[PDB]
Each structure stands twice: as C-alpha cells, then as structure tokens.
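Shown next: model-v3.tsv, given as TSV, C-alpha atoms (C1' of nucleotides).
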```tsv
chain	number	residue	atom	x	y	z
A	227	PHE	CA	38.64	82.75	55.03
A	228	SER	CA	39.58	81.88	51.44
A	229	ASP	CA	42.70	83.20	49.70
A	230	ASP	CA	40.87	85.66	47.44
A	231	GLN	CA	38.87	87.13	50.32
A	232	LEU	CA	41.88	87.17	52.64
A	233	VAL	CA	44.00	89.19	50.21
A	234	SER	CA	41.15	91.56	49.34
A	235	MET	CA	39.91	92.78	52.72
A	236	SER	CA	41.92	95.34	54.69
A	237	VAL	CA	43.69	94.50	57.95
A	238	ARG	CA	41.06	96.72	59.57
A	239	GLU	CA	38.29	94.63	58.01
A	240	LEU	CA	40.38	91.54	58.77
A	241	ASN	CA	40.68	92.11	62.52
A	242	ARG	CA	36.91	92.55	62.80
A	243	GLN	CA	36.26	89.29	60.96
A	244	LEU	CA	39.15	87.71	62.87
A	245	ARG	CA	37.23	88.42	66.07
A	246	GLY	CA	36.33	85.08	67.63
A	247	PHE	CA	39.46	83.23	66.57
A	248	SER	CA	42.33	81.75	68.58
A	249	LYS	CA	45.46	83.89	68.84
A	250	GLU	CA	47.30	81.05	67.10
A	251	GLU	CA	45.03	81.27	64.06
A	252	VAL	CA	44.98	85.07	63.83
A	253	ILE	CA	48.75	85.30	63.42
A	254	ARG	CA	48.59	82.35	61.03
A	255	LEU	CA	45.97	84.02	58.84
A	256	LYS	CA	47.70	87.41	58.92
A	257	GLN	CA	50.94	85.85	57.67
A	258	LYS	CA	49.04	83.96	54.98
A	259	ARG	CA	47.73	87.31	53.75
A	260	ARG	CA	51.24	88.78	53.59
A	261	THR	CA	52.42	85.85	51.47
A	262	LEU	CA	49.57	86.27	48.99
A	263	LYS	CA	50.27	90.01	48.75
A	264	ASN	CA	53.98	89.42	48.17
A	265	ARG	CA	52.88	87.24	45.27
A	266	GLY	CA	51.25	90.32	43.76
A	267	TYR	CA	54.21	92.54	44.63
A	268	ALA	CA	56.45	90.13	42.72
A	269	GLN	CA	54.23	90.32	39.64
A	270	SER	CA	54.41	94.13	39.64
A	271	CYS	CA	58.17	94.13	40.20
A	272	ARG	CA	58.82	91.83	37.25
A	273	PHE	CA	56.38	93.78	35.06
A	274	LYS	CA	57.95	97.14	35.94
A	275	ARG	CA	61.39	95.76	35.09
A	276	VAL	CA	60.08	94.92	31.61
A	277	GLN	CA	58.44	98.30	30.98
A	278	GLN	CA	61.63	100.09	32.02
A	279	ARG	CA	63.62	97.95	29.58
A	280	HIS	CA	61.24	98.98	26.81
A	281	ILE	CA	61.17	102.74	27.48
A	282	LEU	CA	64.97	102.71	27.50
A	283	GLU	CA	65.23	100.77	24.24
A	284	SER	CA	62.56	103.10	22.84
A	285	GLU	CA	64.22	106.31	24.04
A	286	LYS	CA	67.37	105.07	22.31
A	287	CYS	CA	65.46	105.11	19.03
A	288	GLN	CA	63.85	108.48	19.74
A	289	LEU	CA	67.36	109.89	20.13
A	290	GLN	CA	68.98	108.13	17.17
A	291	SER	CA	66.20	109.48	14.96
A	292	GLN	CA	66.82	112.95	16.40
A	293	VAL	CA	70.59	112.77	15.94
A	294	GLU	CA	70.18	111.85	12.27
A	295	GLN	CA	67.66	114.67	11.89
A	296	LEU	CA	70.13	117.12	13.42
A	297	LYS	CA	73.11	116.02	11.31
A	298	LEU	CA	71.03	116.94	8.28
A	299	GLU	CA	70.32	120.32	9.87
A	300	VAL	CA	74.00	121.17	10.37
A	301	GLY	CA	74.67	120.16	6.77
A	302	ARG	CA	72.16	122.73	5.56
A	303	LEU	CA	73.60	125.49	7.74
A	304	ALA	CA	77.25	124.67	7.02
A	305	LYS	CA	76.58	124.88	3.29
A	306	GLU	CA	74.55	128.06	3.79
A	307	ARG	CA	77.32	129.65	5.87
A	308	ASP	CA	79.94	128.77	3.26
A	309	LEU	CA	77.73	130.42	0.64
A	310	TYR	CA	77.53	133.70	2.56
A	311	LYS	CA	81.19	133.64	3.59
A	312	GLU	CA	82.46	133.07	0.04
A	313	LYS	CA	80.27	135.91	-1.22
A	314	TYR	CA	81.54	138.17	1.57
A	315	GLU	CA	85.30	137.56	1.33
A	316	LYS	CA	84.99	138.21	-2.41
A	317	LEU	CA	83.97	141.79	-1.62
A	318	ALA	CA	86.76	141.86	0.98
B	226	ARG	CA	80.34	63.45	51.83
B	227	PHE	CA	81.72	65.96	49.32
B	228	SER	CA	81.93	69.68	48.57
B	229	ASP	CA	79.55	71.85	46.53
B	230	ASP	CA	82.25	73.21	44.21
B	231	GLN	CA	83.34	69.72	43.16
B	232	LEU	CA	79.74	68.50	42.99
B	233	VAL	CA	78.91	71.11	40.35
B	234	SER	CA	82.06	71.07	38.22
B	235	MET	CA	82.17	67.27	37.94
B	236	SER	CA	81.06	65.64	34.70
B	237	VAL	CA	78.25	63.07	34.61
B	238	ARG	CA	80.76	60.35	33.71
B	239	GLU	CA	82.91	61.26	36.70
B	240	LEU	CA	80.00	61.84	39.08
B	241	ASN	CA	78.35	58.49	38.29
B	242	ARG	CA	81.62	56.61	38.77
B	243	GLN	CA	82.13	58.59	41.97
B	244	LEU	CA	78.92	57.22	43.51
B	245	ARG	CA	79.18	53.59	42.44
B	246	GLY	CA	78.15	51.73	45.58
B	247	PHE	CA	76.00	54.41	47.21
B	248	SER	CA	72.38	53.68	48.09
B	249	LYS	CA	69.68	54.75	45.64
B	250	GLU	CA	68.27	57.34	48.05
B	251	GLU	CA	71.67	58.98	48.52
B	252	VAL	CA	72.39	58.95	44.77
B	253	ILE	CA	69.05	60.62	44.02
B	254	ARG	CA	69.61	63.06	46.90
B	255	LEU	CA	73.08	64.03	45.70
B	256	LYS	CA	71.87	64.36	42.10
B	257	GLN	CA	69.05	66.69	43.17
B	258	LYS	CA	71.60	68.73	45.11
B	259	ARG	CA	73.72	69.14	41.97
B	260	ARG	CA	70.65	70.34	40.08
B	261	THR	CA	69.73	72.80	42.83
B	262	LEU	CA	73.24	74.23	43.00
B	263	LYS	CA	73.27	74.57	39.21
B	264	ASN	CA	69.94	76.40	39.20
B	265	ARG	CA	71.31	78.71	41.89
B	266	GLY	CA	74.14	79.80	39.61
B	267	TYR	CA	71.91	79.90	36.53
B	268	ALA	CA	69.74	82.52	38.20
B	269	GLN	CA	72.92	84.30	39.32
B	270	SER	CA	74.13	84.63	35.73
B	271	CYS	CA	70.68	85.57	34.42
B	272	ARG	CA	70.33	88.45	36.86
B	273	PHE	CA	73.95	89.34	36.14
B	274	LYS	CA	73.33	89.50	32.39
B	275	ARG	CA	70.17	91.51	32.99
B	276	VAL	CA	72.03	94.14	35.01
B	277	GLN	CA	74.92	94.31	32.56
B	278	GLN	CA	72.50	94.69	29.64
B	279	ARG	CA	70.74	97.48	31.53
B	280	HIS	CA	74.00	99.35	32.09
B	281	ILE	CA	74.98	99.05	28.43
B	282	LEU	CA	71.67	100.61	27.40
B	283	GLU	CA	71.90	103.52	29.85
B	284	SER	CA	75.41	104.43	28.70
B	285	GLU	CA	74.25	104.52	25.08
B	286	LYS	CA	71.33	106.82	25.87
B	287	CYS	CA	73.68	109.12	27.81
B	288	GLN	CA	76.05	109.31	24.84
B	289	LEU	CA	73.15	109.97	22.47
B	290	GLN	CA	71.65	112.72	24.65
B	291	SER	CA	75.11	114.26	24.89
B	292	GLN	CA	75.44	113.97	21.12
B	293	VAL	CA	72.07	115.67	20.66
B	294	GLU	CA	73.23	118.41	23.02
B	295	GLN	CA	76.36	118.87	20.89
B	296	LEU	CA	74.41	119.09	17.62
B	297	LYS	CA	71.88	121.52	19.10
B	298	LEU	CA	74.74	123.81	20.14
B	299	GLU	CA	76.24	123.35	16.69
B	300	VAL	CA	73.19	124.53	14.74
B	301	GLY	CA	73.00	127.50	17.09
B	302	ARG	CA	76.59	128.36	16.24
B	303	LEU	CA	76.21	127.88	12.48
B	304	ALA	CA	73.00	129.92	12.32
B	305	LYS	CA	74.66	132.78	14.20
B	306	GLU	CA	77.69	132.63	11.89
B	307	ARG	CA	75.52	132.46	8.77
B	308	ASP	CA	73.46	135.45	9.88
B	309	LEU	CA	76.57	137.41	10.89
B	310	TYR	CA	78.07	137.05	7.41
B	311	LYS	CA	74.73	138.08	5.92
B	312	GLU	CA	74.90	141.43	7.70
B	313	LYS	CA	78.54	141.97	6.75
B	314	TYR	CA	77.81	140.98	3.14
B	315	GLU	CA	74.62	143.00	2.69
B	316	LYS	CA	76.45	146.09	3.95
B	317	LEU	CA	79.39	145.88	1.54
C	1	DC	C1'	62.79	57.32	24.65
C	2	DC	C1'	65.83	59.14	28.82
C	3	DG	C1'	68.46	62.17	31.25
C	4	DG	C1'	71.33	66.14	32.03
C	5	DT	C1'	71.47	71.19	30.81
C	6	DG	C1'	70.58	76.09	30.53
C	7	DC	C1'	67.27	79.17	30.80
C	8	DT	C1'	63.42	81.89	32.59
C	9	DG	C1'	58.48	82.56	34.82
C	10	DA	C1'	56.52	82.58	38.99
C	11	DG	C1'	56.53	81.94	44.09
C	12	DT	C1'	58.79	82.49	48.60
C	13	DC	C1'	61.46	84.90	52.18
C	14	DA	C1'	64.43	88.55	54.09
C	15	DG	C1'	65.04	92.89	54.83
C	16	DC	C1'	64.90	97.70	53.62
C	17	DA	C1'	62.33	102.06	53.01
C	18	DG	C1'	58.70	104.41	53.82
C	19	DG	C1'	53.17	105.03	55.57
D	1	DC	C1'	55.55	99.04	66.53
D	2	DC	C1'	53.22	97.66	63.01
D	3	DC	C1'	51.96	97.40	57.86
D	4	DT	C1'	53.07	98.18	52.91
D	5	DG	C1'	55.50	97.84	48.69
D	6	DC	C1'	59.48	96.52	46.71
D	7	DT	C1'	63.60	94.00	45.17
D	8	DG	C1'	67.59	90.66	45.65
D	9	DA	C1'	68.25	86.05	45.95
D	10	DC	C1'	66.89	81.06	46.22
D	11	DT	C1'	63.99	77.48	44.70
D	12	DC	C1'	61.22	74.80	41.61
D	13	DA	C1'	58.54	73.92	37.28
D	14	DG	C1'	58.65	73.31	32.91
D	15	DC	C1'	60.37	74.00	28.20
D	16	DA	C1'	63.86	73.26	24.66
D	17	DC	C1'	66.98	71.39	23.61
D	18	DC	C1'	70.75	68.08	23.34
D	19	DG	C1'	73.79	63.41	23.92
```
Entire entry expressed as structure tokens:
Amino acid sequence: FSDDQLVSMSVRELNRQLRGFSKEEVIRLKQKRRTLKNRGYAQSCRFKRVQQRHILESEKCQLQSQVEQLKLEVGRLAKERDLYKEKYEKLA
Amino acid sequence: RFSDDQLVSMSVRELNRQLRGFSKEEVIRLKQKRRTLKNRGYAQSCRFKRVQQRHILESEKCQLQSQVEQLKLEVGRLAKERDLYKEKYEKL
DNA sequence: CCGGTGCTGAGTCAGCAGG
DNA sequence: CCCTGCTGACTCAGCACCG
C-alpha cells in the first residue's frame, strides 16, 4: 500500500495483493509504482552519466602518461640506432 | 496577450512598463511564465554544453590512442633498424 | 533586504528498445 | 500486449549570486 512496499514487490506479488480492489484502484496503484520506479531509473541514468565522464577524463590521463613514456622510448632507440649506424658507415 | 520570444528577450524595465495597468494576478502569472520559459532554455543550454563537452573529450582520446599507435609502430621500426645495423656492423 | 538570473539536482512524462 | 530500463526534455526547487 505504501510507496516503499509498492516499489519493492513484483507485479506478480502486486496482483495477488491487489486482489480485492476496484479496477479503478488497481490501474491507479500500478501507475503509481511505475512513477516511483522511474524515479530510481532517473537516479541511475544521472549517476551513469557521471561515471562515464570520469572514466573518459581518466583514460585521457592514462594515455597522456603513456604517450610521454613512449616519446622517451623512441629517444633511446633513435640515439642507439644513430650509434650503430655511425659505427657501421665508418667501416663502409 | 503577447508572444514567448518577446516575453523572454524583454528587459525587466521594459517588461514592467509593458504591464502597467494589468491586474496583479495577470502580472504574477506572466512573470512566472517568463521564469518558466527561461528555465526551459537554461536546461537546453546545460544539456547542450554537456554533449559538446563529451564530444570534445572523445575526440581527444581518439587522437591520443592514435598517437600511441603511431609511437608503438615507431619503436618497432627503430628497434628493427638498430638491430639490422648491429648485424651489418658486427660482420664487417 | 528584494527580486531577477543562471545554473543544476531531482522528479515527471513520453517514447523507444528490449524482456 | 504488457513490463522494464533508459534517456531526452520540461518543470520546479533552491542556491549563489547580483543590481
């Protein structure tokens, strides 16, 4: 009957408890349940939107940190290649 | 009465002078309508900014991932070159 | 001390995409 | 044909400014 109980019980459990009620009330209670559930759906939707904003802004940092790590790696190899190439061309 | 577009763009000084003579109920009603219409567009901009922000972030992460892909290919090319010269050098 | 403003959280409804 | 879960869009509440 109350909002917390109405939103908690299943429509299967609802129809059984709704037995003995006017057809006017049954459709009225069922639509009250939907409203309360949409309230919860809204909370999840807004929360998800936030989490997705964070994992994007976080992935951006996980990539920037990787890019900088890789630019250092090419600097080591480029220098190391130049070393071998200079030593090689010297021997023709 | 009046239009929505004019009712929103109007300044308070113009709007007040525009309803000199109207009943209190109508004045309050019209004022509430201006607030409602404003809130409608506020939410429109907010969701707009949210979407635009989201698209900016995604494009950055796509550029970064592409950049990482480039660098990964680059170290693979430099390492192969460095090792190739090693073999040619060690021989001669 | 009042009122208009811009913003944003939360609630509502429509309507779409699946159980 | 319902029901579910979700999301866009409107509304209001309430805060933080402002004039």
For CA of residue 261 (chain A) and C1' of residue 7 (chain D), the interatomic separation in Å (one decimal): 15.2 Å
Expected answer as a PyMOL selection string: chain A residues within 9 Å of chain D, all atoms listed in the file: chain A and resi 237+264+267-268+271
If you take only C-alpha atoms (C1' of nucleotides) and a cut-off of 9 Å, which residues of chain B touch chain C, and what are their nearest atom pairs and distances in Å to one decimal, in chain and number order, as CSV?
```
residue,atom,partner,partner_atom,distance
B:237,CA,C:4,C1',8.0
B:264,CA,C:6,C1',8.7
B:267,CA,C:6,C1',7.2
B:268,CA,C:8,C1',8.5
B:271,CA,C:7,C1',8.1
```
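Between chain A and the residues B:226, B:249, B:297, B:274, the shortest atom-to-atom distance, using all atoms listed in the file, involves B:297.
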Around all the atoms of chain D listed in the file, draw an axis-aligned box and extend it by 6 Å on each of the six sides; I want its centre and edge lengths in Å to one decimal, as lines of an AutoDock Vina configuration file.
```
center_x = 62.9
center_y = 81.2
center_z = 44.9
size_x = 33.8
size_y = 47.6
size_z = 55.2
```
Env of residue 306 (chain B): 10 Å cut, atoms = all atoms listed in the file, seq-sep filter 4 positions within chain, self excluded. Answer as a CSV table (one decimal) with C-alpha atoms, in the coordinates of the input.
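Okay, this is what ended up in selection.csv:
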```csv
chain,number,residue,atom,x,y,z
A,303,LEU,CA,73.6,125.5,7.7
A,304,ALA,CA,77.2,124.7,7.0
A,306,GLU,CA,74.6,128.1,3.8
A,307,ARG,CA,77.3,129.6,5.9
A,308,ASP,CA,79.9,128.8,3.3
A,310,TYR,CA,77.5,133.7,2.6
A,311,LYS,CA,81.2,133.6,3.6
B,300,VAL,CA,73.2,124.5,14.7
B,301,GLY,CA,73.0,127.5,17.1
B,302,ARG,CA,76.6,128.4,16.2
B,310,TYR,CA,78.1,137.0,7.4
B,311,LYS,CA,74.7,138.1,5.9
```
d(CA of residue 259 (chain B), CA of residue 242 (chain B)) in Å: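 We find that CA of residue 259 (chain B) and CA of residue 242 (chain B) lie 15.2 Å from each other.
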Between CA of residue 257 (chain A) and CA of residue 236 (chain A), distance in Å (one decimal):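 We find that CA of residue 257 (chain A) and CA of residue 236 (chain A) lie 13.4 Å from each other.
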Expected answer as a PyMOL selection string: chain A residues within 9 Å of chain B, only C-alpha atoms: chain A and resi 279+282-283+285-286+289-290+292-293+296-297+299-300+303-304+306-311+313-315+317-318
Listing only residues of chain B within 12 Å of chain D, what is the closest atom pair and its distance in Å (to one decimal) for each, using only C-alpha atoms (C1' of nucleotides), sorted by chain and residue number ascending, as a Markdown table?
```
| residue | atom | partner | partner_atom | distance |
| --- | --- | --- | --- | --- |
| B:237 | CA | D:19 | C1' | 11.6 |
| B:257 | CA | D:12 | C1' | 11.4 |
| B:258 | CA | D:11 | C1' | 11.6 |
| B:260 | CA | D:12 | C1' | 10.5 |
| B:261 | CA | D:11 | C1' | 7.6 |
| B:262 | CA | D:10 | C1' | 9.9 |
| B:263 | CA | D:11 | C1' | 11.2 |
| B:264 | CA | D:11 | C1' | 8.2 |
| B:265 | CA | D:10 | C1' | 6.6 |
| B:266 | CA | D:10 | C1' | 9.9 |
| B:267 | CA | D:10 | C1' | 11.0 |
| B:268 | CA | D:10 | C1' | 8.6 |
| B:269 | CA | D:9 | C1' | 8.3 |
| B:270 | CA | D:9 | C1' | 11.9 |
| B:271 | CA | D:9 | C1' | 11.8 |
| B:272 | CA | D:8 | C1' | 9.5 |
| B:273 | CA | D:8 | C1' | 11.5 |
```
